[PDB]
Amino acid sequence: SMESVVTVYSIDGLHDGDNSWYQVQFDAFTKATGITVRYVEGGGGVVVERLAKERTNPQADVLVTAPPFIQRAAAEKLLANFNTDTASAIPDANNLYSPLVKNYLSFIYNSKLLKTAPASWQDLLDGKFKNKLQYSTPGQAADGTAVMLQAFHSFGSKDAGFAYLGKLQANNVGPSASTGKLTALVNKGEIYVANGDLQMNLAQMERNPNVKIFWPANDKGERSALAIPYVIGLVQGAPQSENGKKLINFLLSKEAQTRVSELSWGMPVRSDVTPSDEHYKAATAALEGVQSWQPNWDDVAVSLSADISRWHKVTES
């Protein structure tokens, strides 16, 4: 006989614990099918670089990563054509990849010290934020990359978003290789405002009682949040393509999707699920009146490295 297997390479965030969405779903899938799930986790670009390294003899069957890395995988011919069973249930799926779990860029502030959420991007330039605001470093921290993209959108052009971030640098404490550690700094008032992502921050609120989630408005009064979903595809040349297809369809099923919020603090991509958990209530409350948006990710895949280089030039100078 053989122990049947399928191998997942994923961006981190869905396997944080024994009761995480991936652990629970992988265990259910194995019980139902006899297929063990092997799992590798890393940064969103790291996992795609590994697929490219391994392309002459693929090891993974299923990729999960965030934009623009999923689009880089598609451009590099690392994804296989596969029309999922669900897709009718899922917005914006295509034959190479499908959204799996929704997430968003977010910001946080100290609500004990500040009487209300900062209203606008302009308010963050106030001198009261000098050395009392910090966001993580574009390119190094995924949510820092998201802040840069968000500035372009909120200010209407790359030049204008970079100009804004150059001004914000007067207040920004400095670089941070990761984002999650900033939350406790906000909670202690060492800083008053930081970036984040919605899944992460929702889960942090219980132990950070001085913090609340917010988004600044732009000069048209709009609060928007960059959509940074987890996105799934089948690996080109997978050694276990049939098992990969089964797992993809399973993770996109109504059954699996019903527990995304409960187990991970993410949001399901299917519209036909009704979460029953309190995490979802918190997510819905945070997003009320916030507009999701996204760029053309095929275009961002090409321009991102240049933009990160420019961020360094703009802020360091």
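Quick note: we count residues from 1 along the sequence shown, nothing fancier.
Exercise for the section: Quick one: say whether 263 to 271 or 50 to 58 has the higher mean Cα B-factor in the deposited entry. Expected result: In the deposited entry, the stretch with the higher C-alpha B-factor mean is 50 to 58.
Practice task
Look over 305 to 313 and 21 to 29 in the entry and identify the one with the greater average Cα temperature factor.
Solution key: In the deposited entry, the stretch with the higher C-alpha B-factor mean is 305 to 313.
Problem - Residue with maximal Cα B-factor (values as given in the PDB entry) among 103, 201, 116, 71 - result: Out of 103, 201, 116, 71, the record gives the largest C-alpha B-factor to 116.
Problem - Residue of maximum C-alpha B factor among 87, 182, 149, 234, per deposited coordinates - result: Most elevated C-alpha B-factor of the set, per the entry: 87.
Practice task
Check where residue 80 lands among this chain's C-alpha B-factors and tell me if it's the lowest, middle or highest third.
Solution key: For residue 80, whose C-alpha B-factor we compare with every modelled residue in the chain, the answer is the middle third.
Exercise for the section: Please place residue 253 in the lowest, middle or highest third of its chain by C-alpha B factor as given in the entry. Expected result: Middle third by C-alpha B-factor.
Practice task
Rank-wise, by C-alpha B-factor, drop residue 292 into the lowest, middle or highest third of its chain.
Solution key: Residue 292: CA B-factor falls in the middle third of its chain.
Practice task
Check where residue 42 lands among this chain's C-alpha B-factors and tell me if it's the lowest, middle or highest third.
Solution key: Ranked within chain, residue 42 CA B lands in the highest tercile.
Exercise for the section: Place residue 92 in the lowest, middle or highest third of its chain's C-alpha B-factors, as listed in the PDB entry. Expected result: Tercile = highest for this residue's CA B-factor.
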